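Undergrad: Structure file data.cif, mmCIF, C-alpha atoms, is pasted below:
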data_start
#
loop_
_atom_site.group_PDB
_atom_site.id
_atom_site.type_symbol
_atom_site.label_atom_id
_atom_site.label_comp_id
_atom_site.auth_asym_id
_atom_site.auth_seq_id
_atom_site.Cartn_x
_atom_site.Cartn_y
_atom_site.Cartn_z
ATOM 1 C CA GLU A 3 91.421 135.878 117.555
ATOM 2 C CA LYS A 4 93.681 133.942 119.933
ATOM 3 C CA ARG A 5 94.367 131.458 117.123
ATOM 4 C CA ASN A 6 98.027 130.697 116.428
ATOM 5 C CA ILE A 7 99.813 132.431 113.542
ATOM 6 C CA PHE A 8 102.641 130.473 111.911
ATOM 7 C CA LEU A 9 105.001 132.294 109.533
ATOM 8 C CA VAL A 10 106.678 130.210 106.848
ATOM 9 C CA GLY A 11 109.123 131.134 104.113
ATOM 10 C CA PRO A 12 112.866 131.194 103.260
ATOM 11 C CA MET A 13 115.565 132.734 105.427
ATOM 12 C CA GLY A 14 115.487 136.491 104.929
ATOM 13 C CA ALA A 15 111.705 136.595 104.495
ATOM 14 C CA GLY A 16 111.275 138.640 107.652
ATOM 15 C CA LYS A 17 109.680 135.842 109.659
ATOM 16 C CA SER A 18 111.229 137.040 112.929
ATOM 17 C CA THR A 19 110.808 140.775 112.343
ATOM 18 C CA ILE A 20 107.243 140.557 111.066
ATOM 19 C CA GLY A 21 106.363 137.934 113.680
ATOM 20 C CA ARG A 22 107.570 140.043 116.587
ATOM 21 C CA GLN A 23 105.490 142.999 115.325
ATOM 22 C CA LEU A 24 102.437 140.765 114.941
ATOM 23 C CA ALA A 25 102.859 139.361 118.447
ATOM 24 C CA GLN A 26 103.140 142.852 119.952
ATOM 25 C CA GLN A 27 100.202 144.305 118.031
ATOM 26 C CA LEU A 28 98.025 141.309 118.898
ATOM 27 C CA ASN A 29 99.442 140.896 122.407
ATOM 28 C CA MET A 30 100.598 137.315 121.796
ATOM 29 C CA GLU A 31 103.697 135.249 122.548
ATOM 30 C CA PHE A 32 106.427 135.205 119.923
ATOM 31 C CA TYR A 33 108.610 132.175 119.230
ATOM 32 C CA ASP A 34 111.352 131.442 116.706
ATOM 33 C CA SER A 35 112.052 127.720 116.254
ATOM 34 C CA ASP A 36 115.722 128.470 115.505
ATOM 35 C CA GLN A 37 115.875 130.374 118.822
ATOM 36 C CA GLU A 38 114.236 127.492 120.692
ATOM 37 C CA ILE A 39 116.873 125.135 119.288
ATOM 38 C CA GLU A 40 119.649 127.449 120.457
ATOM 39 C CA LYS A 41 117.940 127.617 123.844
ATOM 40 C CA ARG A 42 117.816 123.830 124.144
ATOM 41 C CA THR A 43 121.374 123.185 122.921
ATOM 42 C CA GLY A 44 122.933 126.317 124.351
ATOM 43 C CA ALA A 45 124.576 126.922 120.968
ATOM 44 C CA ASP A 46 124.357 128.921 117.722
ATOM 45 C CA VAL A 47 121.771 127.299 115.442
ATOM 46 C CA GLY A 48 124.194 127.147 112.527
ATOM 47 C CA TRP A 49 126.748 125.422 114.738
ATOM 48 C CA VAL A 50 124.189 122.768 115.719
ATOM 49 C CA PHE A 51 123.380 122.287 112.003
ATOM 50 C CA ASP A 52 127.059 121.878 111.014
ATOM 51 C CA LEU A 53 127.939 119.517 113.865
ATOM 52 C CA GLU A 54 124.816 117.353 113.889
ATOM 53 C CA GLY A 55 124.314 117.281 110.156
ATOM 54 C CA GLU A 56 120.996 117.680 108.344
ATOM 55 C CA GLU A 57 119.478 114.413 109.608
ATOM 56 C CA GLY A 58 119.950 115.163 113.303
ATOM 57 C CA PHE A 59 119.084 118.851 112.969
ATOM 58 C CA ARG A 60 115.847 118.149 111.105
ATOM 59 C CA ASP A 61 114.763 115.612 113.737
ATOM 60 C CA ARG A 62 115.453 118.070 116.589
ATOM 61 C CA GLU A 63 113.691 120.872 114.673
ATOM 62 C CA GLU A 64 110.619 118.714 114.032
ATOM 63 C CA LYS A 65 110.349 117.897 117.735
ATOM 64 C CA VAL A 66 110.767 121.538 118.732
ATOM 65 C CA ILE A 67 108.086 122.646 116.232
ATOM 66 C CA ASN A 68 105.685 119.869 117.295
ATOM 67 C CA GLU A 69 105.905 121.207 120.868
ATOM 68 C CA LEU A 70 105.662 124.905 120.013
ATOM 69 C CA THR A 71 102.643 124.402 117.752
ATOM 70 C CA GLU A 72 100.790 122.727 120.615
ATOM 71 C CA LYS A 73 100.834 126.039 122.500
ATOM 72 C CA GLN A 74 97.934 128.497 122.252
ATOM 73 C CA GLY A 75 97.983 132.172 121.259
ATOM 74 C CA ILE A 76 101.481 132.284 119.802
ATOM 75 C CA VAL A 77 103.117 133.693 116.680
ATOM 76 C CA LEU A 78 105.766 131.314 115.390
ATOM 77 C CA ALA A 79 108.617 132.108 113.000
ATOM 78 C CA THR A 80 109.326 128.625 111.641
ATOM 79 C CA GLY A 81 112.675 127.504 110.251
ATOM 80 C CA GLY A 82 113.089 127.855 106.499
ATOM 81 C CA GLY A 83 113.536 124.148 105.917
ATOM 82 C CA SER A 84 111.112 122.989 108.611
ATOM 83 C CA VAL A 85 108.513 122.453 105.862
ATOM 84 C CA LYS A 86 110.541 119.529 104.499
ATOM 85 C CA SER A 87 108.917 117.269 107.090
ATOM 86 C CA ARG A 88 105.465 116.180 105.966
ATOM 87 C CA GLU A 89 104.395 115.673 109.604
ATOM 88 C CA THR A 90 105.465 119.211 110.464
ATOM 89 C CA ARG A 91 103.500 120.621 107.523
ATOM 90 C CA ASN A 92 100.368 118.797 108.589
ATOM 91 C CA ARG A 93 100.843 120.014 112.145
ATOM 92 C CA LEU A 94 101.372 123.634 111.059
ATOM 93 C CA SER A 95 98.217 123.569 108.918
ATOM 94 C CA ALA A 96 96.081 122.000 111.643
ATOM 95 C CA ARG A 97 97.373 124.033 114.582
ATOM 96 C CA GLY A 98 97.140 127.582 113.310
ATOM 97 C CA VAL A 99 96.810 130.003 110.415
ATOM 98 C CA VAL A 100 99.811 129.592 108.098
ATOM 99 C CA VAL A 101 101.137 132.846 106.616
ATOM 100 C CA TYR A 102 103.643 132.416 103.786
ATOM 101 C CA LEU A 103 106.025 135.328 103.309
ATOM 102 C CA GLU A 104 106.814 134.889 99.634
ATOM 103 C CA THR A 105 110.314 136.272 99.033
ATOM 104 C CA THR A 106 112.363 136.914 95.879
ATOM 105 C CA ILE A 107 115.875 135.556 95.512
ATOM 106 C CA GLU A 108 117.096 139.141 95.563
ATOM 107 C CA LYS A 109 115.536 139.863 98.965
ATOM 108 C CA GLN A 110 116.967 136.590 100.304
ATOM 109 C CA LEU A 111 120.466 137.825 99.390
ATOM 110 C CA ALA A 112 119.745 140.960 100.914
ATOM 111 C CA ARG A 113 121.835 142.637 104.018
ATOM 112 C CA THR A 114 122.445 141.057 107.388
ATOM 113 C CA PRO A 121 119.708 133.090 114.908
ATOM 114 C CA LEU A 122 121.433 132.485 111.555
ATOM 115 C CA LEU A 123 121.391 128.975 110.110
ATOM 116 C CA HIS A 124 124.196 130.034 107.746
ATOM 117 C CA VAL A 125 126.815 132.730 108.441
ATOM 118 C CA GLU A 126 127.168 133.814 104.810
ATOM 119 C CA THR A 127 124.832 134.090 101.839
ATOM 120 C CA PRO A 128 125.368 131.427 99.159
ATOM 121 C CA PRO A 129 125.613 131.842 95.382
ATOM 122 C CA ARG A 130 122.333 132.763 93.675
ATOM 123 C CA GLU A 131 122.218 129.282 92.102
ATOM 124 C CA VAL A 132 121.938 127.644 95.542
ATOM 125 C CA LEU A 133 119.034 129.870 96.552
ATOM 126 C CA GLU A 134 117.296 129.243 93.224
ATOM 127 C CA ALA A 135 117.758 125.506 93.715
ATOM 128 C CA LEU A 136 116.347 125.726 97.246
ATOM 129 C CA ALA A 137 113.329 127.718 96.076
ATOM 130 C CA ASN A 138 112.510 125.127 93.411
ATOM 131 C CA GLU A 139 112.238 122.518 96.145
ATOM 132 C CA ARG A 140 110.645 124.598 98.883
ATOM 133 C CA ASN A 141 108.306 127.064 97.208
ATOM 134 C CA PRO A 142 105.801 124.297 96.428
ATOM 135 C CA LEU A 143 105.936 123.226 100.087
ATOM 136 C CA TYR A 144 105.278 126.737 101.410
ATOM 137 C CA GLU A 145 102.417 127.164 98.940
ATOM 138 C CA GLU A 146 100.874 123.792 99.865
ATOM 139 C CA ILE A 147 100.266 124.915 103.457
ATOM 140 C CA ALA A 148 99.789 128.667 103.087
ATOM 141 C CA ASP A 149 96.429 129.997 104.324
ATOM 142 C CA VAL A 150 97.590 133.543 103.625
ATOM 143 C CA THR A 151 100.324 134.564 101.198
ATOM 144 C CA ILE A 152 102.167 137.885 101.228
ATOM 145 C CA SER A 158 108.126 147.924 106.954
ATOM 146 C CA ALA A 159 107.378 145.108 109.400
ATOM 147 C CA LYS A 160 104.647 147.243 110.992
ATOM 148 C CA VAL A 161 102.882 147.738 107.673
ATOM 149 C CA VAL A 162 103.073 144.074 106.664
ATOM 150 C CA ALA A 163 101.972 143.027 110.155
ATOM 151 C CA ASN A 164 98.787 145.106 109.951
ATOM 152 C CA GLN A 165 98.164 143.973 106.380
ATOM 153 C CA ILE A 166 98.335 140.349 107.481
ATOM 154 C CA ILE A 167 95.971 141.246 110.322
ATOM 155 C CA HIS A 168 93.552 142.880 107.875
ATOM 156 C CA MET A 169 93.632 139.698 105.789
ATOM 157 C CA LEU A 170 92.918 137.505 108.815
ATOM 158 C CA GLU A 171 89.964 139.754 109.628
#
Show the structure stored in the file as structure tokens.
TA:
Amino acid sequence: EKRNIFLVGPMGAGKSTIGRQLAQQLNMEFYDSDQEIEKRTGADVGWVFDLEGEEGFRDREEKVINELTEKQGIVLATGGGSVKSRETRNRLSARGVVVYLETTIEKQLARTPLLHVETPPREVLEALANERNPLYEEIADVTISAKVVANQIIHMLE
């Protein structure tokens, strides 16, 4: 259907790669909230994070996501920590089908907008997952090459 598809999960989950494939196979618009932030600030997303601090970044991100989710027929790759906001999570759930790309710590560490230039120690990623995994799972309607995964998701939505 035309219904929105929102991809959630940690950085390195393939939100952008899988989302672009989904958008092309379903002939929909693709958006990346990190990319929209860069577009509105004219700067690297990680730079905006570092300069504005968490508080300011999260507010800006929440506003960006509120606006994107109001669109129709789009595939959205949401920021990894965008699920921290309760309002955002309720908006994501209500405005489209939420697909959670469950990702191991290993995959997250794995090889190449970038919120952070370099990978952190495993401990940091484990700590993040303990806080965020329950958030991703709370709003997931569907839990999971990009082409293969994209069609699998599609088969699940069917």
Undergrad: For residue 61 (chain A), which of A:80, A:164, A:87, A:43 is the closest residue, counting only C-alpha atoms?
TA: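 The closest residue to residue 61 (chain A) is A:87.
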Undergrad: Using all atoms listed in the file, which protein or nucleic acid residues come within 10 Å of residue 171 (chain A)? Drop anything in the same chain fewer than 5 positions from it, and give the result as a ChimeraX atom specification.
TA: /A:3,165-166
Undergrad: Counting only C-alpha atoms, which residues in region 50-110 of chain A sit no more than 9 Å from region 147-150 of chain A? For each one, give the nearest pair of atoms and the distance in Å, sorted by chain then residue number, as JSON lines.
TA:
{"residue": "A:85", "atom": "CA", "partner": "A:147", "partner_atom": "CA", "distance": 8.9}
{"residue": "A:91", "atom": "CA", "partner": "A:147", "partner_atom": "CA", "distance": 6.7}
{"residue": "A:92", "atom": "CA", "partner": "A:147", "partner_atom": "CA", "distance": 8.0}
{"residue": "A:94", "atom": "CA", "partner": "A:147", "partner_atom": "CA", "distance": 7.8}
{"residue": "A:95", "atom": "CA", "partner": "A:147", "partner_atom": "CA", "distance": 6.0}
{"residue": "A:99", "atom": "CA", "partner": "A:149", "partner_atom": "CA", "distance": 6.1}
{"residue": "A:100", "atom": "CA", "partner": "A:149", "partner_atom": "CA", "distance": 5.1}
{"residue": "A:101", "atom": "CA", "partner": "A:150", "partner_atom": "CA", "distance": 4.7}
{"residue": "A:102", "atom": "CA", "partner": "A:148", "partner_atom": "CA", "distance": 5.4}
{"residue": "A:103", "atom": "CA", "partner": "A:150", "partner_atom": "CA", "distance": 8.6}
Undergrad: Evaluate the PyMOL selection byres ((chain A and resi 104-108) around 8) on the structure here and hand back the selected residues as a ChimeraX atom specification.
TA: /A:11-12,14-15,102-103,109-112,130,133-134,151-152
Undergrad: At what distance in Å, to one decimal, does CA of residue 18 (chain A) lie from CA of residue 114 (chain A)?
TA: 13.1 Å
Undergrad: Identify all residues satisfying the PyMOL selection byres ((chain A and resi 140) around 9) in the given file; provide them as a list in words.
TA: residues 11, 12, 82, 83, 85, 86, 135, 136, 137, 138, 139, 141, 142, 143, 144 and 145 of chain A
Undergrad: List the residues matched by the PyMOL selection byres ((chain A and resi 50-59) around 12) in the displayed structure as a PyMOL selection string, ordered by chain and then by residue number.
TA: chain A and resi 35-37+39-49+60-66+81+83-84+86-87+121-125
Undergrad: Between CA of residue 10 (chain A) and CA of residue 161 (chain A), what is the distance in Å, rounded to a tenth?
TA: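 The value is 18.0 Å.
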Undergrad: Between CA of residue 26 (chain A) and CA of residue 90 (chain A), what is the distance, to one decimal in Å?
TA: 25.6 Å
Undergrad: Show which residues sit within 9 Å of residue 162 (chain A), as a short mmCIF file (atom, residue, chain, number, x, y, z; two decimals) with C-alpha atoms, keeping the file's coordinate frame. Count only C-alpha atoms, and ignore same-chain residues fewer than 5 positions away.
TA:
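File written: out14.cif
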data_model
loop_
_atom_site.label_atom_id
_atom_site.label_comp_id
_atom_site.auth_asym_id
_atom_site.auth_seq_id
_atom_site.Cartn_x
_atom_site.Cartn_y
_atom_site.Cartn_z
CA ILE A 20 107.24 140.56 111.07
CA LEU A 24 102.44 140.76 114.94
CA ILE A 152 102.17 137.88 101.23
CA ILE A 167 95.97 141.25 110.32
#
Undergrad: For the structure just given, write the atoms of region 11-140 of chain A, namely C-alpha atoms, as a PDB file, in the first residue's frame.
TA:
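As written to disk, out_21.pdb reads:
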ATOM      1  CA  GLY A  11      17.225   0.517  14.817  1.00  0.00           C
ATOM      2  CA  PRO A  12      20.832   1.368  15.821  1.00  0.00           C
ATOM      3  CA  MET A  13      23.386   3.016  13.560  1.00  0.00           C
ATOM      4  CA  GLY A  14      24.763   0.381  11.207  1.00  0.00           C
ATOM      5  CA  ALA A  15      21.448  -1.479  10.967  1.00  0.00           C
ATOM      6  CA  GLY A  16      21.129  -0.684   7.280  1.00  0.00           C
ATOM      7  CA  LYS A  17      18.257   1.759   7.702  1.00  0.00           C
ATOM      8  CA  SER A  18      19.411   3.924   4.785  1.00  0.00           C
ATOM      9  CA  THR A  19      20.486   1.106   2.466  1.00  0.00           C
ATOM     10  CA  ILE A  20      17.431  -1.060   3.064  1.00  0.00           C
ATOM     11  CA  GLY A  21      15.146   1.983   3.031  1.00  0.00           C
ATOM     12  CA  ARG A  22      16.391   3.212  -0.329  1.00  0.00           C
ATOM     13  CA  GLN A  23      15.818  -0.263  -1.829  1.00  0.00           C
ATOM     14  CA  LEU A  24      12.320  -0.395  -0.343  1.00  0.00           C
ATOM     15  CA  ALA A  25      11.470   3.051  -1.701  1.00  0.00           C
ATOM     16  CA  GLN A  26      12.659   2.109  -5.197  1.00  0.00           C
ATOM     17  CA  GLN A  27      10.906  -1.260  -5.274  1.00  0.00           C
ATOM     18  CA  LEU A  28       7.672   0.281  -3.997  1.00  0.00           C
ATOM     19  CA  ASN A  29       8.081   3.528  -5.943  1.00  0.00           C
ATOM     20  CA  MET A  30       7.981   5.712  -2.821  1.00  0.00           C
ATOM     21  CA  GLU A  31       9.905   8.702  -1.481  1.00  0.00           C
ATOM     22  CA  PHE A  32      12.923   7.985   0.692  1.00  0.00           C
ATOM     23  CA  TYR A  33      13.971  10.187   3.604  1.00  0.00           C
ATOM     24  CA  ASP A  34      16.732   9.960   6.202  1.00  0.00           C
ATOM     25  CA  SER A  35      16.133  12.160   9.260  1.00  0.00           C
ATOM     26  CA  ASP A  36      19.898  12.640   9.690  1.00  0.00           C
ATOM     27  CA  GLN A  37      20.025  13.860   6.064  1.00  0.00           C
ATOM     28  CA  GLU A  38      17.112  16.243   6.636  1.00  0.00           C
ATOM     29  CA  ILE A  39      18.963  17.727   9.611  1.00  0.00           C
ATOM     30  CA  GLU A  40      22.072  18.246   7.493  1.00  0.00           C
ATOM     31  CA  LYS A  41      19.869  19.822   4.831  1.00  0.00           C
ATOM     32  CA  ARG A  42      18.340  22.257   7.317  1.00  0.00           C
ATOM     33  CA  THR A  43      21.602  23.203   9.057  1.00  0.00           C
ATOM     34  CA  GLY A  44      23.843  22.931   6.025  1.00  0.00           C
ATOM     35  CA  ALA A  45      26.262  20.867   8.123  1.00  0.00           C
ATOM     36  CA  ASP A  46      27.456  17.325   8.902  1.00  0.00           C
ATOM     37  CA  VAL A  47      24.998  15.693  11.313  1.00  0.00           C
ATOM     38  CA  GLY A  48      27.759  14.718  13.726  1.00  0.00           C
ATOM     39  CA  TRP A  49      29.004  18.300  13.750  1.00  0.00           C
ATOM     40  CA  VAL A  50      25.521  19.564  14.659  1.00  0.00           C
ATOM     41  CA  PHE A  51      25.390  16.952  17.460  1.00  0.00           C
ATOM     42  CA  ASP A  52      28.799  17.966  18.886  1.00  0.00           C
ATOM     43  CA  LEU A  53      28.159  21.714  18.719  1.00  0.00           C
ATOM     44  CA  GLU A  54      24.539  21.795  19.866  1.00  0.00           C
ATOM     45  CA  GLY A  55      24.835  19.047  22.426  1.00  0.00           C
ATOM     46  CA  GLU A  56      22.337  16.236  22.980  1.00  0.00           C
ATOM     47  CA  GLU A  57      19.523  18.477  24.260  1.00  0.00           C
ATOM     48  CA  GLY A  58      19.449  20.779  21.238  1.00  0.00           C
ATOM     49  CA  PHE A  59      20.049  17.989  18.725  1.00  0.00           C
ATOM     50  CA  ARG A  60      17.241  15.835  20.113  1.00  0.00           C
ATOM     51  CA  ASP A  61      14.798  18.759  19.981  1.00  0.00           C
ATOM     52  CA  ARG A  62      15.709  19.536  16.346  1.00  0.00           C
ATOM     53  CA  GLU A  63      15.507  15.825  15.445  1.00  0.00           C
ATOM     54  CA  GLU A  64      12.073  15.460  17.052  1.00  0.00           C
ATOM     55  CA  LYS A  65      10.761  18.417  15.054  1.00  0.00           C
ATOM     56  CA  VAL A  66      12.235  17.086  11.816  1.00  0.00           C
ATOM     57  CA  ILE A  67      10.713  13.623  12.415  1.00  0.00           C
ATOM     58  CA  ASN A  68       7.313  15.082  13.374  1.00  0.00           C
ATOM     59  CA  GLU A  69       7.244  16.846   9.985  1.00  0.00           C
ATOM     60  CA  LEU A  70       8.525  13.935   7.900  1.00  0.00           C
ATOM     61  CA  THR A  71       6.070  11.472   9.446  1.00  0.00           C
ATOM     62  CA  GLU A  72       3.186  13.734   8.445  1.00  0.00           C
ATOM     63  CA  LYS A  73       4.016  13.070   4.785  1.00  0.00           C
ATOM     64  CA  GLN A  74       2.307  10.274   2.842  1.00  0.00           C
ATOM     65  CA  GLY A  75       3.873   7.395   0.905  1.00  0.00           C
ATOM     66  CA  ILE A  76       7.402   7.700   2.257  1.00  0.00           C
ATOM     67  CA  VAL A  77      10.047   5.332   3.599  1.00  0.00           C
ATOM     68  CA  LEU A  78      11.877   6.912   6.513  1.00  0.00           C
ATOM     69  CA  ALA A  79      15.256   5.904   7.941  1.00  0.00           C
ATOM     70  CA  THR A  80      14.939   7.333  11.454  1.00  0.00           C
ATOM     71  CA  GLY A  81      17.878   8.366  13.623  1.00  0.00           C
ATOM     72  CA  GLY A  82      19.164   5.713  16.005  1.00  0.00           C
ATOM     73  CA  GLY A  83      18.368   7.712  19.112  1.00  0.00           C
ATOM     74  CA  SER A  84      15.184   9.322  17.788  1.00  0.00           C
ATOM     75  CA  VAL A  85      13.201   6.706  19.744  1.00  0.00           C
ATOM     76  CA  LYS A  86      14.286   8.319  23.022  1.00  0.00           C
ATOM     77  CA  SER A  87      11.458  10.834  22.655  1.00  0.00           C
ATOM     78  CA  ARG A  88       8.161   9.342  23.783  1.00  0.00           C
ATOM     79  CA  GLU A  89       6.246  11.750  21.510  1.00  0.00           C
ATOM     80  CA  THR A  90       8.305  10.645  18.519  1.00  0.00           C
ATOM     81  CA  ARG A  91       7.636   6.978  19.295  1.00  0.00           C
ATOM     82  CA  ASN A  92       3.910   7.576  19.480  1.00  0.00           C
ATOM     83  CA  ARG A  93       4.034   9.502  16.221  1.00  0.00           C
ATOM     84  CA  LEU A  94       6.037   6.781  14.446  1.00  0.00           C
ATOM     85  CA  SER A  95       3.589   4.085  15.579  1.00  0.00           C
ATOM     86  CA  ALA A  96       0.515   6.076  14.562  1.00  0.00           C
ATOM     87  CA  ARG A  97       1.803   7.407  11.245  1.00  0.00           C
ATOM     88  CA  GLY A  98       3.126   4.299   9.554  1.00  0.00           C
ATOM     89  CA  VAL A  99       4.297   0.702   9.776  1.00  0.00           C
ATOM     90  CA  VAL A 100       7.366   0.527  12.033  1.00  0.00           C
ATOM     91  CA  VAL A 101      10.046  -1.933  10.890  1.00  0.00           C
ATOM     92  CA  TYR A 102      12.765  -2.649  13.452  1.00  0.00           C
ATOM     93  CA  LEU A 103      16.074  -3.788  11.992  1.00  0.00           C
ATOM     94  CA  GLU A 104      17.402  -5.765  14.933  1.00  0.00           C
ATOM     95  CA  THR A 105      21.208  -5.628  14.787  1.00  0.00           C
ATOM     96  CA  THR A 106      23.963  -7.394  16.751  1.00  0.00           C
ATOM     97  CA  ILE A 107      26.750  -5.444  18.406  1.00  0.00           C
ATOM     98  CA  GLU A 108      29.132  -7.080  15.957  1.00  0.00           C
ATOM     99  CA  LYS A 109      27.260  -5.768  12.908  1.00  0.00           C
ATOM    100  CA  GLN A 110      27.112  -2.305  14.502  1.00  0.00           C
ATOM    101  CA  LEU A 111      30.929  -2.299  14.678  1.00  0.00           C
ATOM    102  CA  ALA A 112      31.076  -3.408  11.299  1.00  0.00           C
ATOM    103  CA  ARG A 113      32.929  -1.434   8.220  1.00  0.00           C
ATOM    104  CA  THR A 114      32.215   2.098   7.104  1.00  0.00           C
ATOM    105  CA  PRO A 121      25.303  11.026   7.287  1.00  0.00           C
ATOM    106  CA  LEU A 122      27.358   9.743  10.240  1.00  0.00           C
ATOM    107  CA  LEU A 123      26.366  10.832  13.738  1.00  0.00           C
ATOM    108  CA  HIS A 124      29.792   9.663  14.953  1.00  0.00           C
ATOM    109  CA  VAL A 125      32.994   9.561  12.869  1.00  0.00           C
ATOM    110  CA  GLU A 126      34.463   6.528  14.637  1.00  0.00           C
ATOM    111  CA  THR A 127      33.056   3.374  16.198  1.00  0.00           C
ATOM    112  CA  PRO A 128      33.152   3.325  20.013  1.00  0.00           C
ATOM    113  CA  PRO A 129      34.312   0.549  22.346  1.00  0.00           C
ATOM    114  CA  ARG A 130      32.013  -2.488  22.460  1.00  0.00           C
ATOM    115  CA  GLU A 131      30.993  -1.534  26.017  1.00  0.00           C
ATOM    116  CA  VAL A 132      29.433   1.730  24.785  1.00  0.00           C
ATOM    117  CA  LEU A 133      27.375  -0.055  22.142  1.00  0.00           C
ATOM    118  CA  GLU A 134      26.264  -2.678  24.669  1.00  0.00           C
ATOM    119  CA  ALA A 135      25.246   0.092  27.059  1.00  0.00           C
ATOM    120  CA  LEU A 136      23.302   1.853  24.297  1.00  0.00           C
ATOM    121  CA  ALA A 137      21.512  -1.349  23.308  1.00  0.00           C
ATOM    122  CA  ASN A 138      20.397  -1.968  26.894  1.00  0.00           C
ATOM    123  CA  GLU A 139      18.646   1.392  26.844  1.00  0.00           C
ATOM    124  CA  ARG A 140      17.366   1.413  23.277  1.00  0.00           C
TER     125      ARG A 140
END
